[PDB]
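First comes the structure, then the notes that go with it.
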Amino acid sequence: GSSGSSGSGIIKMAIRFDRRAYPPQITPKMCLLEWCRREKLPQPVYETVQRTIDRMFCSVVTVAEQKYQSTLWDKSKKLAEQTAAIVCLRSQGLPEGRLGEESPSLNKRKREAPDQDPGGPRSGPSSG
């Protein structure tokens, strides 16, 4: 059973891509896909946007109709992409994180956005 995600919709978690965590011959993004093959799951979708407050880059992966965004941006867009994967794996509970899942860090920032009502894509041609 689930542990208890904090947030209705997108599972947000504190994670920061750590190069030292993985060798130059292995990437956290490849580990995810390799996992989607066994679970007959459809390839994920990476999406990196640029904010205006900190002009920082942040990627967001989506698997099994579940989005995984990190609460920690990245200096570059390329790096942000790495985080995504990790976040996904951790959420699924794969061993593709133990490497550096935990780490001594005093970072805590919960971003909040105003919303009167939910939305999303256009599930079906008719209301749903």
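First residue of the sequence shown: 343, per the authors' numbering; consecutive thereafter.
All residues carry an ideal CB built from backbone N, CA and C; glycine is no exception.
Exercise. Would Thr390 pass as a contact of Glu423 if the rule is Cβ separation under 8 Å?
Worked result: yes
Exercise. Going along the chain, which unbroken runs of the alpha helix (DSSP H) with 4 or more residues stay wholly within the segment 414-470?
Worked result: 419-434
Exercise. Within 10 angstroms of its Cβ, does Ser433 collect 16 or more other Cβ (buried), or is it exposed?
Worked result: buried
Problem set entry | Delimiting residues of the alpha helix (DSSP H) encompassing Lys371 | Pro370 to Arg380
For this session: With distances taken Cα to Cα, identify the nearest neighbour of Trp415 among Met355, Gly349 and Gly346.
Result: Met355
Exercise. CA-CA distance, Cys430 and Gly351?
Worked result: 14 Å
Exercise. How about the segment 434-441 and the segment 372-387: do they share at least three Cβ pairs that are nearer than 8 Å?
Worked result: yes
Exercise. Whole-angstrom Cβ separation of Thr425 and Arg362, contact assumed at under 8 Å?
Worked result: At roughly 14 Å, the Cβ-Cβ gap does not stay under 8 Å, so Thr425 and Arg362 are not in contact.
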